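Notes for the one structure printed next.
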Amino acid sequence: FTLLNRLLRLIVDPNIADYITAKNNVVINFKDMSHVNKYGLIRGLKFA
Amino acid sequence: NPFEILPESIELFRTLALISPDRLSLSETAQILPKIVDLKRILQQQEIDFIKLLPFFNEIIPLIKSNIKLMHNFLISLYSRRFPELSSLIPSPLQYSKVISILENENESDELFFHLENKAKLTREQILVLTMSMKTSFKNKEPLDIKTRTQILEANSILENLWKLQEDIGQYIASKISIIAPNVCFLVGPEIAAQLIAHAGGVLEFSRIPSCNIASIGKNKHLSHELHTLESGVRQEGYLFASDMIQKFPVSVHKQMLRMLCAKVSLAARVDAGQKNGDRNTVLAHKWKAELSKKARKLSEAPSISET
Amino acid sequence: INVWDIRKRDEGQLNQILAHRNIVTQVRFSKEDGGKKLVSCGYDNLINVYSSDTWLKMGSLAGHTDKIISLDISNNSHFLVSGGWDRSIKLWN
Amino acid sequence: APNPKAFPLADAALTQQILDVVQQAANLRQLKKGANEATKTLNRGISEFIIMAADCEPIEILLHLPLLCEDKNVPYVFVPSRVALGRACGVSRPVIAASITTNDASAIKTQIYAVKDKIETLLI
Amino acid sequence: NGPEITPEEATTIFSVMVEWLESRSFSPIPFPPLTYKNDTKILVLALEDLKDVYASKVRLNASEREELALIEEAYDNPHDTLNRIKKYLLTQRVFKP
Amino acid sequence: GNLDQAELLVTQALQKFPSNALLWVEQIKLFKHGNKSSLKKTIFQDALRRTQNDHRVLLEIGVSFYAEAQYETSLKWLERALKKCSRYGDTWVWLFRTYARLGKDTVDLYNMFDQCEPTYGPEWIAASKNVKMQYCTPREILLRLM
Amino acid sequence: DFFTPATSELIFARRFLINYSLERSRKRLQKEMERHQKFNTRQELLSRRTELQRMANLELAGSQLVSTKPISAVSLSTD
């Protein structure tokens with residue numbers, strides 16, 4: 001997300017980029033178990 | 001001579017703290033570092049007449065905060081347009097000043113290792129984004145003036161020495177918090193209590209701070225490029241979040257223990273502010289610590305299974 | 001201000017005075033003059049003066065932006081020194 | 001008596017009026033409950049006046065405020081019962097300190113100045 | 001153990017991308033303006049892409065009805081929706097699971 | 001120099017006169033000194049709520065951020081002050097100071113200035129009262145103010 | 001209880017108070033004796049109106065800030 005985020009700061013207004021990485025960092029939930037995705041892209045996102 | 005040196009020193013912090021940044025006043029500025037060393041020697045080995053000295057720190061240390069912040073704003077005012085992303089990427093004035101001295105050291109791999117060793121507070125990712133800014137922004141052209149280089153070197157010196165003074169006060173208060181705020185000491189810890197009282201200045205002032213704002217004390221500046229969300233979901237982080245009182249319990253309860261903990265810390269510091277220095281009782285923070293233990297164990301224990 | 005003459009026990013004990021809008025904080029006498037002049041302060045912003053016989057308002061003394069919690073008279077009665085929630089001592093000459 | 005320390009402390013009638021203003025400003029959203037939000041109103045300086053609780057224990061946690069009230073030159077009183085105070089603030093859980101804040105458009109402003117005036121009468 | 005990427009590798013690859021964008025002279029994409037020309041049509045494209053799934057099933061469940069409700073409210077109030085969108089892009093860094 | 005009685009007088013003067021802007025000006029100066037600097041942006045927000053975005057208050061915001069060295073923010077607030085009231089001159093002064101530090105082109109600002117012809121403000125009125133600047137062009141007035 | 005305590009240390013002092021207030025009562029009332037003996041309406045009323053006119057003509061002289069909280073006690077020393 002750090003490298004990806006800077007590479008996005010190249011393309012777009014850093015507000016949009018920080019929104020992108022901020023959306024790629026969330027709490028992923030399945031049945032009765034929860035974690036956060038710090039590392040790796042979340043594909044289900046639209047801008048993914 | 002402490003009572004002779006100190007009031008004039010505080011007066012100086014008022015003078016330059018009143019002086020707006022981007023207006024250098026370098027000759028008047030360099031007169032602080034002799035008083036910085038003076039307060040360092042007055043603080044370090046004296047260990048005498050603390051009770052008179054405590055209100056004096058409660059006075060000077062906010063001026064120290066506004067002063068180092070002023071040196072930061074003036075220093076970025078100097079580096080403006082050469083490498084502008086450096087404040088956004090580097091939150092702290094200490095990391096800022098040191099890392100800058102490193103970018104101006106000029107004396108590759110020894111640089112990547114060198115700012116990691118000299119700065120020492122820089123996390124891997126922070127080094128990464130900093131290196132990104134080095135490529136996309138940092139001009140790697142010689143500075144506009146060698147006199148400007150000497151000026152920014154001086155600002156690095158006064159900011160570094162001033163921060164060393166603040167940390168020295170943090171260690172001295174860190175020594176005396178046992179008699180200063182016993183309730184907060186017993187409730188959290190000597191180091192973290194010393195960091196809270198250190199950032200908030202006077203214990204009276206830290207009692208004047210609501211319990212909602214205490215959690216964010218000490219938090220590294222929120223940066224949009226840095227990741228935030230944690231499995232505990234706590235957005236405050238900060239000093240108290242690093243305490244054992246929180247970190248001993250599981251990942252789900254850190255948030256509630258943070259809110260309740262900050263509340264009980266505010267109340268405890270208020271009791272310590274209300275009590276005289278001579279007669280103090282830790283019983284209140286004791287039963288409050290028991291209450292927080294009960295809260296953490298109840299929130300940790302899940303509900304019993306229902307009949308299907 | 002209830003001014004009680006205790007020299008006369010069964011007649012004319014009290015001479016009541018209307019002092020200040022809000023309550024009365026401190027009352028003093030002219031001292032070396034042998035009394036005969038009283039000065040009163042209260043939470044009204046005025047400090048007012050009285051005589052030991054008429055017991056009437058001779059004049060209202062301004063100068064306090066806020067409540068007047070304390071007052072004291074010079075022994076020679078020339079100058080007045082007071083304090084209040086204005087957090088500043090004040091004089092009268 | 002509800003502690004030797006806490007001062008000033010109003011009577012039943014003035015307590016009734018003050019609590020009436022508590023409920024009224026609570027309906028006008030001009031009130032801030034709790035010690036922390038009371039402290040915030042004092043630091044901001046928008047607080048008309050501070051109400052606190054006598055029967056609360058320990059008393060010190062409400063005794064940090066009077067110093068701040070005397071610093072900002074804002075009046076304060078002690079209602080006897082925190083249960084009645086919070087009950088007037090519209091919370092079942094008893095509240096210790098409440099704060100009536102400032103609004104220039106408030107319709108109860110005159111009521112707040114009258115009650116506040118009687119409070120300043122009590123302060124001494 | 002921290003990020004796998006070393007500052008040397010990141011230096012090289014980031015220098016490659018920057019050198020590419022400079023060689024191509026690529027103007028960066030600005031944040032969507034308060035008034036954008038094709039804005040409403042872009043919102044239309046997004047909403048239709050979201051309704052692509054729901055045009056089929058005759059029986060909607062609760063969550064699907066919430067999503068379709070949001071989308072219909074987006075057609076009904078584009079100005080309120082677009083302003084709701086720009087607000088999130090500028091502000092929220094913390095999101096729901 | 002002692003700001004305690006200043007804070008008291010500000011609080012009382014707001015109790016009597018919450019609507020007046022100059023009181024919030026002087027308070028914004030008090031919190032601009034930064035003896036506390038804990039409640040600051042919320043004091044700007046309160047000043048904008050009470051004074052309803054007055055040009056004086058906005059100017060004081062831009063001067064506080066000017067003392068925070070941020071000429072983007074301070075420049076924004078000064079521009080907002082221009083949009084509220086042009087004829088107020090201290091806005092123009094703190095402008096040309098901010099553009100002087102940041103380095104933007106001031107020509108259009110001189111054009112809007114000659115179109116503006118501002119006379120208002122304590123610093124500007126002081127310039128008219130210095131008796132050396134009594135009769136002179138507003139341009140050289142600004143030059144002597146900077 | 002009514003009149004319960006003995007107060008031994010008091011009696012030794014209280015008799016000093018009956019002697020003290022006794023003699024200063026006689027002396028003070030004697031000064032009053034000379035005064036009411038020798039006054040008259042003319043310089044009595046003229047001096048009275050003069051002093052009252054002075055107090056009515058007083059005005060704020062100066063002020064000195066002191067403490068962070070209000071000044072509760074103000075007392076002038078002897079002389």
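To be explicit about the labels: the chains of the structure tokens are called A, B, and onward in the order shown, and within each one the residues are counted from 1, while ligands get numbers from 1 in the order they are shown.
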Give me, as JSON lines, each residue of chain G that comes within 12 Å of chain F, together with its shortest interatomic pair and the distance in Å at one decimal, counting only C-alpha atoms, with rows ordered by chain and rising residue number.
{"residue": "G:64", "atom": "CA", "partner": "F:5", "partner_atom": "CA", "distance": 11.2}
{"residue": "G:65", "atom": "CA", "partner": "F:5", "partner_atom": "CA", "distance": 8.0}
{"residue": "G:66", "atom": "CA", "partner": "F:5", "partner_atom": "CA", "distance": 9.8}
{"residue": "G:67", "atom": "CA", "partner": "F:4", "partner_atom": "CA", "distance": 9.3}
{"residue": "G:68", "atom": "CA", "partner": "F:4", "partner_atom": "CA", "distance": 6.7}
{"residue": "G:69", "atom": "CA", "partner": "F:4", "partner_atom": "CA", "distance": 9.5}
{"residue": "G:70", "atom": "CA", "partner": "F:5", "partner_atom": "CA", "distance": 10.4}
Residue hits in chain A, query chain E, radius 8 Å, only C-alpha atoms, as a compact mmCIF listing (two decimals) with N, CA, C and O atoms, in the first residue's frame:
# COMPACT_ATOMS: atom_id res chain seq x y z
N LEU A 3 4.09 1.72 -1.46
CA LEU A 3 4.54 1.86 -2.84
C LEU A 3 3.37 2.12 -3.77
O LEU A 3 3.40 3.06 -4.57
N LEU A 7 2.74 5.45 -6.14
CA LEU A 7 2.51 5.28 -7.57
C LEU A 7 1.16 5.84 -7.99
O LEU A 7 0.98 6.27 -9.13
N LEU A 10 1.31 9.61 -8.18
CA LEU A 10 1.78 10.04 -9.49
C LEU A 10 0.60 10.30 -10.43
O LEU A 10 0.60 11.28 -11.19
N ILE A 11 -0.41 9.43 -10.40
CA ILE A 11 -1.49 9.52 -11.37
C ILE A 11 -2.49 10.60 -10.99
O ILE A 11 -2.90 11.41 -11.83
N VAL A 12 -2.93 10.61 -9.73
CA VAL A 12 -4.14 11.31 -9.34
C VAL A 12 -3.86 12.24 -8.17
O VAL A 12 -2.81 12.18 -7.53
N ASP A 13 -4.83 13.12 -7.93
CA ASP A 13 -4.82 13.94 -6.73
C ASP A 13 -4.65 13.03 -5.51
O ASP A 13 -5.41 12.06 -5.36
N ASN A 15 -5.66 12.96 -2.69
CA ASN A 15 -6.91 12.64 -2.00
C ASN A 15 -7.51 11.35 -2.55
O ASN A 15 -7.85 10.44 -1.78
N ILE A 16 -7.62 11.26 -3.87
CA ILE A 16 -8.17 10.05 -4.49
C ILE A 16 -7.32 8.84 -4.15
O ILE A 16 -7.83 7.77 -3.82
N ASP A 18 -5.20 8.33 -1.59
CA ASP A 18 -5.34 7.97 -0.18
C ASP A 18 -6.70 7.34 0.08
O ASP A 18 -6.84 6.49 0.97
N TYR A 19 -7.71 7.73 -0.69
CA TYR A 19 -8.99 7.03 -0.61
C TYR A 19 -8.85 5.60 -1.11
O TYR A 19 -9.45 4.68 -0.56
N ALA A 22 -6.79 3.62 1.41
CA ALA A 22 -7.62 3.55 2.61
C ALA A 22 -8.75 2.56 2.43
O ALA A 22 -9.19 1.92 3.40
N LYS A 23 -9.25 2.41 1.21
CA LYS A 23 -10.30 1.43 0.96
C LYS A 23 -9.72 0.03 0.85
O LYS A 23 -10.38 -0.96 1.21
N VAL A 26 -9.05 -2.43 5.10
CA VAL A 26 -10.31 -2.54 5.83
C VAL A 26 -10.28 -3.83 6.64
O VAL A 26 -9.29 -4.56 6.62
N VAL A 27 -11.37 -4.11 7.34
CA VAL A 27 -11.50 -5.34 8.10
C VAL A 27 -12.30 -6.34 7.26
O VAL A 27 -13.49 -6.14 7.01
N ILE A 28 -11.64 -7.41 6.83
CA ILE A 28 -12.28 -8.46 6.04
C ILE A 28 -12.90 -9.46 6.99
O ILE A 28 -12.23 -9.94 7.92
N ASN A 29 -14.17 -9.78 6.78
CA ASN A 29 -14.90 -10.68 7.66
C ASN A 29 -15.43 -11.88 6.90
O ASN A 29 -15.95 -11.76 5.78
Just need the residues of chain C within 6 Å of chain G, counting only C-alpha atoms, so spit them out as a list in words.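 Putting it all together, I get residues 58, 59, 63, 70, 72, 83, 84, 85, 87, 88, 89, 90, 91, 92 and 93 of chain C.
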Nearby residues (only C-alpha atoms) at most 6 Å from residue 34 in chain D, same-chain spacing under 3 positions excluded, as number ranges by chain: D: 37-38, 97-98
Requested write-out: C-alpha atoms of the selected residues, as an mmCIF file, in the first residue's frame:
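Listed below is the output, selection-v7.cif:
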data_model
loop_
_atom_site.group_PDB
_atom_site.id
_atom_site.type_symbol
_atom_site.label_atom_id
_atom_site.label_comp_id
_atom_site.auth_asym_id
_atom_site.auth_seq_id
_atom_site.Cartn_x
_atom_site.Cartn_y
_atom_site.Cartn_z
ATOM 1 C CA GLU D 37 -18.068 18.092 28.675
ATOM 2 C CA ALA D 38 -18.423 20.581 31.523
ATOM 3 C CA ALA D 97 -21.710 18.054 36.736
ATOM 4 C CA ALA D 98 -23.792 19.810 34.090
#
May I have a table of the residues of chain F lying at most 10 Å from chain D, giving each one's closest pair of atoms and their distance in Å to one decimal, counting only C-alpha atoms, ordered by chain and ascending residue number, as a tab-separated table?
residue	atom	partner	partner_atom	distance
F:4	CA	D:71	CA	8.8
F:5	CA	D:72	CA	9.8
F:7	CA	D:72	CA	8.0
F:8	CA	D:72	CA	6.5
F:9	CA	D:73	CA	9.9
F:10	CA	D:45	CA	9.7
F:11	CA	D:45	CA	6.8
F:12	CA	D:73	CA	8.6
F:14	CA	D:46	CA	9.1
F:15	CA	D:102	CA	8.3
F:17	CA	D:104	CA	9.3
F:18	CA	D:104	CA	7.2
F:19	CA	D:104	CA	8.2
F:38	CA	D:43	CA	9.2
F:39	CA	D:44	CA	6.9
F:40	CA	D:44	CA	9.3
F:42	CA	D:44	CA	8.1
F:43	CA	D:44	CA	7.3
F:46	CA	D:44	CA	9.0
F:50	CA	D:104	CA	8.6
Can those selected residues be exported to a file as a CSV table (one decimal), in the first residue's frame so that it contains N, CA, C and O atoms?
chain,number,residue,atom,x,y,z
F,4,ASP,N,-4.0,36.8,31.1
F,4,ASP,CA,-5.0,36.2,31.9
F,4,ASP,C,-6.2,37.2,32.0
F,4,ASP,O,-7.3,36.8,31.7
F,5,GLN,N,-5.9,38.4,32.5
F,5,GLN,CA,-7.0,39.4,32.6
F,5,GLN,C,-7.5,39.8,31.2
F,5,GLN,O,-8.7,40.1,31.1
F,7,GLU,N,-8.0,37.5,28.9
F,7,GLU,CA,-9.0,36.4,28.6
F,7,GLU,C,-10.2,36.7,29.4
F,7,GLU,O,-11.4,36.5,28.9
F,8,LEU,N,-10.1,37.1,30.7
F,8,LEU,CA,-11.3,37.5,31.5
F,8,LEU,C,-12.1,38.6,30.8
F,8,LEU,O,-13.3,38.4,30.6
F,9,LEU,N,-11.5,39.6,30.4
F,9,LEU,CA,-12.2,40.8,29.8
F,9,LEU,C,-12.8,40.3,28.5
F,9,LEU,O,-13.9,40.8,28.1
F,10,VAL,N,-12.2,39.4,27.7
F,10,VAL,CA,-12.8,38.9,26.5
F,10,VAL,C,-14.0,38.1,26.9
F,10,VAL,O,-15.1,38.3,26.2
F,11,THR,N,-14.0,37.3,27.9
F,11,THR,CA,-15.1,36.5,28.2
F,11,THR,C,-16.3,37.3,28.7
F,11,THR,O,-17.4,37.1,28.2
F,12,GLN,N,-16.0,38.3,29.5
F,12,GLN,CA,-17.1,39.2,30.0
F,12,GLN,C,-17.7,40.0,28.8
F,12,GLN,O,-18.9,40.1,28.6
F,14,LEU,N,-17.8,39.2,25.8
F,14,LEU,CA,-18.6,38.3,25.0
F,14,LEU,C,-20.0,38.0,25.7
F,14,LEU,O,-21.0,37.9,25.0
F,15,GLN,N,-20.0,37.9,27.0
F,15,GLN,CA,-21.2,37.8,27.7
F,15,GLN,C,-22.1,39.0,27.4
F,15,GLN,O,-23.4,38.8,27.2
F,17,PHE,N,-21.7,41.3,24.8
F,17,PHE,CA,-21.8,41.5,23.4
F,17,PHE,C,-21.2,40.4,22.6
F,17,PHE,O,-20.0,40.4,22.1
F,18,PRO,N,-21.9,39.3,22.4
F,18,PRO,CA,-21.4,38.1,21.6
F,18,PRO,C,-21.3,38.4,20.2
F,18,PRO,O,-20.5,37.8,19.5
F,19,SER,N,-22.1,39.3,19.6
F,19,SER,CA,-22.2,39.5,18.2
F,19,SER,C,-21.0,40.2,17.6
F,19,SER,O,-20.7,40.0,16.4
F,38,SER,N,-4.4,24.7,22.8
F,38,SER,CA,-5.2,23.5,22.8
F,38,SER,C,-6.5,23.7,22.0
F,38,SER,O,-6.7,23.0,21.0
F,39,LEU,N,-7.4,24.6,22.5
F,39,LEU,CA,-8.6,24.9,21.7
F,39,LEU,C,-8.3,26.1,20.8
F,39,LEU,O,-8.1,27.3,21.3
F,40,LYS,N,-8.2,25.8,19.5
F,40,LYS,CA,-7.8,26.8,18.5
F,40,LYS,C,-8.7,26.8,17.3
F,40,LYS,O,-9.5,27.8,17.2
F,42,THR,N,-11.3,25.2,17.0
F,42,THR,CA,-12.7,25.3,17.5
F,42,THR,C,-13.0,26.7,17.9
F,42,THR,O,-14.2,27.1,17.9
F,43,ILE,N,-12.0,27.5,18.3
F,43,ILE,CA,-12.3,28.9,18.6
F,43,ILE,C,-12.5,29.7,17.3
F,43,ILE,O,-13.3,30.6,17.2
F,46,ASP,N,-16.1,28.8,16.4
F,46,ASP,CA,-17.0,29.5,17.2
F,46,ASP,C,-17.0,31.0,16.7
F,46,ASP,O,-18.1,31.6,16.7
F,50,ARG,N,-20.5,32.8,15.6
F,50,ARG,CA,-21.0,34.0,16.3
F,50,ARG,C,-21.0,35.2,15.3
F,50,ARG,O,-22.0,35.9,15.1
Name the closest residue to chain F among the candidates B:32, B:217, B:155, B:144; distances are taken between atoms, counting only C-alpha atoms.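 So, comparing all the options, the nearest one is B:217.
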Which residues are close to residue 191 in chain B, i.e. within 12 Å by only C-alpha atoms, leaving aside same-chain residues fewer than 2 positions away? Reply as number ranges by chain. B: 167, 170-178, 184-189, 193-198, 239-240, 242-244
Under the rule that only C-alpha atoms are counted, which of D:82, D:76, D:27, D:70 is the nearest residue to chain G? D:70
Apply DSSP to the backbone of this structure and, from chain G, keep only the residues in strand (DSSP E or B); write these as a VMD selection string. chain G and resid 60 to 65
Save the residues we just selected, C-alpha atoms, as an mmCIF file, in the first residue's frame?
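Contents of the output file selection.cif:
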data_model
loop_
_atom_site.group_PDB
_atom_site.id
_atom_site.type_symbol
_atom_site.label_atom_id
_atom_site.label_comp_id
_atom_site.auth_asym_id
_atom_site.auth_seq_id
_atom_site.Cartn_x
_atom_site.Cartn_y
_atom_site.Cartn_z
ATOM 1 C CA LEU G 60 -11.163 55.939 40.810
ATOM 2 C CA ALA G 61 -7.455 56.675 41.271
ATOM 3 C CA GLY G 62 -5.630 53.552 40.117
ATOM 4 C CA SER G 63 -5.774 49.757 39.817
ATOM 5 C CA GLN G 64 -3.201 46.954 39.975
ATOM 6 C CA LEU G 65 -3.865 43.414 38.797
#
List the spatial neighbours of residue 122 in chain D as a ChimeraX atom specification - criterion: any atom at most 10 Å away, only C-alpha atoms, same-chain residues fewer than 3 positions off excluded. /C:23 /D:7-10,75-77,116-119
From a backbone DSSP assignment, name each residue in chain G labelled helix (DSSP H, G or I), as a PyMOL selection string. chain G and resi 8-38+41-56
Writing out the chosen residues with C-alpha atoms as an mmCIF file, in the first residue's frame:
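Writing the result to out21.cif gives the following:
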data_model
loop_
_atom_site.group_PDB
_atom_site.id
_atom_site.type_symbol
_atom_site.label_atom_id
_atom_site.label_comp_id
_atom_site.auth_asym_id
_atom_site.auth_seq_id
_atom_site.Cartn_x
_atom_site.Cartn_y
_atom_site.Cartn_z
ATOM 1 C CA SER G 8 -9.577 27.457 82.939
ATOM 2 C CA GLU G 9 -7.263 29.295 80.529
ATOM 3 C CA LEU G 10 -10.149 31.648 79.757
ATOM 4 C CA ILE G 11 -10.839 33.081 83.219
ATOM 5 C CA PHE G 12 -7.287 34.405 83.547
ATOM 6 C CA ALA G 13 -7.734 36.002 80.125
ATOM 7 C CA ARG G 14 -11.400 36.924 80.579
ATOM 8 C CA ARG G 15 -10.576 39.019 83.649
ATOM 9 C CA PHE G 16 -7.975 40.788 81.529
ATOM 10 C CA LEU G 17 -10.887 41.413 79.165
ATOM 11 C CA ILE G 18 -13.128 42.875 81.873
ATOM 12 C CA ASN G 19 -10.299 45.145 82.989
ATOM 13 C CA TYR G 20 -9.418 45.974 79.376
ATOM 14 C CA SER G 21 -12.940 46.598 78.070
ATOM 15 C CA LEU G 22 -13.793 48.249 81.379
ATOM 16 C CA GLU G 23 -11.069 50.893 81.205
ATOM 17 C CA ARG G 24 -11.379 51.459 77.451
ATOM 18 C CA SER G 25 -15.149 51.650 77.856
ATOM 19 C CA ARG G 26 -14.818 54.404 80.456
ATOM 20 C CA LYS G 27 -12.095 56.197 78.484
ATOM 21 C CA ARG G 28 -13.951 55.943 75.171
ATOM 22 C CA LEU G 29 -17.254 57.092 76.660
ATOM 23 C CA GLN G 30 -15.310 59.918 78.309
ATOM 24 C CA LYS G 31 -13.980 61.059 74.940
ATOM 25 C CA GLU G 32 -17.612 60.923 73.799
ATOM 26 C CA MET G 33 -18.440 63.014 76.867
ATOM 27 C CA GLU G 34 -16.032 65.782 75.880
ATOM 28 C CA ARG G 35 -17.208 65.607 72.257
ATOM 29 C CA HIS G 36 -20.956 65.915 72.859
ATOM 30 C CA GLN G 37 -20.089 68.527 75.468
ATOM 31 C CA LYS G 38 -18.149 70.758 73.068
ATOM 32 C CA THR G 41 -24.475 72.777 64.973
ATOM 33 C CA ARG G 42 -22.282 75.107 62.932
ATOM 34 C CA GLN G 43 -18.860 73.495 62.559
ATOM 35 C CA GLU G 44 -20.495 70.151 63.275
ATOM 36 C CA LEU G 45 -22.834 70.266 60.272
ATOM 37 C CA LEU G 46 -20.458 72.200 58.006
ATOM 38 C CA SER G 47 -17.570 69.790 58.588
ATOM 39 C CA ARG G 48 -19.933 66.834 58.203
ATOM 40 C CA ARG G 49 -21.254 68.115 54.867
ATOM 41 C CA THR G 50 -17.660 68.846 53.854
ATOM 42 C CA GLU G 51 -16.419 65.298 54.454
ATOM 43 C CA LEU G 52 -19.521 63.771 52.864
ATOM 44 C CA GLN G 53 -18.964 66.063 49.881
ATOM 45 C CA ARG G 54 -15.385 64.789 49.682
ATOM 46 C CA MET G 55 -16.448 61.135 49.656
ATOM 47 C CA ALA G 56 -19.110 61.965 47.071
#
Residues of chain B within 8 Å of chain D, only C-alpha atoms counted, as a short mmCIF file (atom, residue, chain, number, x, y, z; two decimals) with N, CA and C atoms, in the first residue's frame:
data_model
loop_
_atom_site.label_atom_id
_atom_site.label_comp_id
_atom_site.auth_asym_id
_atom_site.auth_seq_id
_atom_site.Cartn_x
_atom_site.Cartn_y
_atom_site.Cartn_z
N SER B 207 -5.43 17.90 33.98
CA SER B 207 -6.77 17.74 34.54
C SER B 207 -7.77 18.62 33.80
N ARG B 208 -7.29 19.72 33.21
CA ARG B 208 -8.17 20.58 32.44
C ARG B 208 -8.46 19.98 31.07
N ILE B 209 -7.75 18.92 30.71
CA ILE B 209 -7.98 18.24 29.44
C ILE B 209 -9.09 17.20 29.61
N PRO B 210 -10.11 17.22 28.76
CA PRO B 210 -11.17 16.21 28.86
C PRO B 210 -10.65 14.82 28.54
N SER B 211 -11.43 13.81 28.92
CA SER B 211 -10.98 12.43 28.79
C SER B 211 -10.98 11.98 27.33
N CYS B 212 -11.68 12.71 26.47
CA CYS B 212 -11.77 12.33 25.07
C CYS B 212 -10.49 12.70 24.32
N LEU B 267 -9.81 11.19 35.46
CA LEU B 267 -10.31 11.30 36.83
C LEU B 267 -9.17 11.20 37.84
N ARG B 270 -7.19 14.25 37.99
CA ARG B 270 -7.96 15.30 38.64
C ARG B 270 -7.91 15.16 40.16
N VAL B 271 -7.96 13.92 40.65
CA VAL B 271 -7.82 13.69 42.08
C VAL B 271 -6.43 14.11 42.54
N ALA B 273 -4.61 16.28 41.21
CA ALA B 273 -4.55 17.74 41.16
C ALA B 273 -5.28 18.35 42.36
N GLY B 274 -6.28 17.64 42.88
CA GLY B 274 -7.01 18.17 44.02
C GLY B 274 -6.30 17.93 45.34
#
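For the pair CA of residue 8 in chain C and CA of residue 24 in chain C, the separation is 25.3 Å.
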When distances are computed from only C-alpha atoms, which of C:55, C:11, C:66, C:60 shows the smallest separation from residue 43 in chain C?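 Once distances to residue 43 in chain C are computed over only C-alpha atoms, the minimum belongs to C:66.
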Could you please tell me, as a short mmCIF file (atom, residue, chain, number, x, y, z; two decimals) with N, CA and C atoms, in the first residue's frame, which residues of chain F have an atom within 9 Å of chain B when using only C-alpha atoms?
data_model
loop_
_atom_site.label_atom_id
_atom_site.label_comp_id
_atom_site.auth_asym_id
_atom_site.auth_seq_id
_atom_site.Cartn_x
_atom_site.Cartn_y
_atom_site.Cartn_z
N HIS F 33 -1.24 33.75 20.40
CA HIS F 33 0.00 33.70 21.17
C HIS F 33 0.37 32.27 21.52
N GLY F 34 -0.62 31.42 21.78
CA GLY F 34 -0.40 30.02 22.01
C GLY F 34 0.08 29.65 23.39
N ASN F 35 -0.36 30.37 24.43
CA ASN F 35 -0.05 29.98 25.79
C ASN F 35 -0.66 28.62 26.08
N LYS F 36 -1.85 28.39 25.52
CA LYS F 36 -2.48 27.08 25.53
C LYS F 36 -2.41 26.42 24.16
N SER F 37 -3.06 27.02 23.16
CA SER F 37 -3.11 26.50 21.79
C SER F 37 -3.69 25.09 21.75
N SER F 38 -4.44 24.74 22.79
CA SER F 38 -5.23 23.51 22.81
C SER F 38 -6.53 23.68 22.05
N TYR F 66 -0.73 32.70 9.27
CA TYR F 66 0.50 33.39 8.88
C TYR F 66 1.58 33.20 9.93
N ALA F 67 1.19 33.23 11.21
CA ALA F 67 2.14 32.92 12.27
C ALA F 67 2.34 31.42 12.40
N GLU F 68 1.53 30.63 11.70
CA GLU F 68 1.81 29.19 11.61
C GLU F 68 2.63 28.87 10.37
N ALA F 69 3.02 29.90 9.62
CA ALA F 69 3.90 29.84 8.45
C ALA F 69 3.22 29.25 7.23
N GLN F 70 1.95 28.85 7.30
CA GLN F 70 1.30 28.20 6.16
C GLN F 70 0.60 29.26 5.31
N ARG F 101 6.00 36.32 0.66
CA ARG F 101 6.77 35.19 1.17
C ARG F 101 6.70 33.99 0.23
N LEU F 102 5.51 33.72 -0.32
CA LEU F 102 5.32 32.52 -1.13
C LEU F 102 5.85 32.71 -2.54
#
